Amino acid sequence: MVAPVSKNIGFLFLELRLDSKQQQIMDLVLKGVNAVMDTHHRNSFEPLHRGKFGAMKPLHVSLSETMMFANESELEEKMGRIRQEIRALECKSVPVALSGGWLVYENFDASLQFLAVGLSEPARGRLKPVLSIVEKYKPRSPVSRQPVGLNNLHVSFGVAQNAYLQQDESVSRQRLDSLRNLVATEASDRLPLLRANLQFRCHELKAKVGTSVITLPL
């Protein structure tokens, strides 16, 4: 069939649309990181804020794991109840800001390594009511190995292929840990610039509902 996996799946997130200045800042930051990757013969991080023809692509804050409901109608009803419960909050908007240094997250099959920065403490705190609403409605049997919560809220800014994906797991983990050290020690000088400028106020959430993306106003 068509989309047999994604038909019952929902996922909640914040959409971060970069203005022209934020785009230029991320161009500059990632160019400096990738110069360091070149120097050290590592894979480069593809910038996540630009697509084909340099078209701007929004970044995101994931707010839920991949949620697999019993059928498509249950997915749509639960997403609608999340939409209403989020509207019912006093929240007119949620702020997004980052703090700390570079983090590198591996995806579920270790093929991709995401260069990211964690959300600042007040930004994570403002999302706790939203995260509670998600926890109330998510399916009890998870299909993701990585749950999404206050402890790992982040924005990813670039993504590299794991060159050691098909090597021994110990070799790949050693290369990932030295990569984490490498970007932190050698490619951190523009993080104050990134943290000062990659700040957002979101007036709505987004959800992937099956194959579609819908908007949940605050």
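Numbering starts at 1 and runs along the sequence shown.
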So, looking at the entry's B-factor column for Cα atoms, which has the higher mean, 109-117 or 132-140? 132-140
Ranked by mean Cα B-factor in the entry, 72-80 and 89-97, top stretch is 89-97
If you rank every modelled residue in this chain by C-alpha B factor, which third holds residue 202: lowest, middle or highest? highest
Temperature factor at the Cα of residue 156, chain-ranked in thirds, falls in the lowest
Select lowest, middle or highest to describe the third in which the CA B-factor of residue 48 falls within its chain in this entry. lowest
Using the B-factors in the PDB entry, rank residue 127's C-alpha atom against the chain and give the third, lowest, middle or highest. middle
Sorting the chain's CA B-factors, does residue 180 end up in the lowest, middle or highest third? lowest
